[PDB]
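Let's start with one chain on its own, the form deposited in one PDB entry, as structure tokens.
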């Protein structure tokens, strides 16, 4: 299908992404910040067991690495919405308070959609998978996001940290949005006729005709794969005249 034509663009077949054109990110601290070390809260075995496979997988992917850092924040066991599956959720609030603020450049959905003309009725919606993880973290900034991990069988001494932009970090959405904007700048230039809306990891491609939407989508997927990002094939809405984007149902230029 569209899946076979772009094996590298889909998370299903391209493997975990890595934005190769983006320099590892350095995270500036506020002028007065010093490391904060919050001890990990005791976790039930059920919670630890539920979370273990995820840490192992991230460790195998190299997204997490062992470390020793004066910084440390709590790992919280959080059951998926109503479900009984545990998911690791780092409380990075004390770290966020010590990181220098940046201007929020992500447009709110409402204003973003205003840039959608009635002429472009053919849409493609793509969701980038593990977007933040595609952006490398500079070695100097990695220690900042450390947390403790007590092994299952055996493995880690104590602390682990991220080598990619983390979930829970106040500036992750904005930094991802800006980096993807830089990586897709050229694409916008090569396709003056297409309408591309970016909302962090949620992308919408607007075209005038089914052919343009198809040709445009091929190029976009091709480009995304080459840059190192990965779109979810499962969720992909390709060349439809009716799509769901950012909580809206688009059709007939309405909404």
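Numbering follows the first chain given and starts at 1. Only the largest set of C-alpha atoms that superpose within 1.5 Å between the two forms is called the rigid core.
- Coordinates for residue 84 are absent from at least a third of the other compared entries of this protein that model residues on both sides of it.
- Here 222-230 and 184-192 are compared by their mean Cα B-factor, and 184-192 comes out higher.
- 54-62 and 211-219 differ in mean CA B-factor, and the higher of the two is recorded for 211-219.
- Of the candidates 107, 82, 74, 166, the deposited coordinates give 82 the top C-alpha B factor.
- Taking the deposited Cα B-factors for 138, 120, 129, 103, the highest one is held by 120.
- The deposited CA B-factor of residue 91 belongs to the lowest third of values across its chain.
- Residue-level temperature factors show residue 125 in the middle third of its chain, judged at the C-alpha atom.
- Sort the chain's modelled residues by C-alpha temperature factor and residue 112 lands in the middle third, per the entry.
- Residue 153 sits in the highest third of its chain by CA B factor, as recorded in the PDB entry.
- Sort the chain's modelled residues by C-alpha temperature factor and residue 29 lands in the lowest third, per the entry.
As for the form deposited in another entry, it is not shown, yet the points below apply to it.
- With the two forms fitted on their core, the C-alpha shifts between the shown form and the other one stay under 2 Å for all of 109, 173, 74, 143 except 109.
- After superposition on the rigid core, displacement of the C-alpha of residue 29 between the shown form and the other one stays below 2 Å.
- In the core-superposed comparison between the shown form and the other one, residue 62 has its Cα shifted by less than 2 Å.
- When two forms of a protein are overlaid on their rigid core, residues whose CA moves 2 Å or more are considered shifted, and residue 43 is one of them between the shown form and the other one.
- Three angstroms is the minimum change: in the other form, the CA atoms of residue 108 and residue 189 sit closer than in this structure, by 3 Å or more.
- In the other form, the CA atoms of residue 110 and residue 181 sit closer together than in the displayed form, by at least 3 angstroms.
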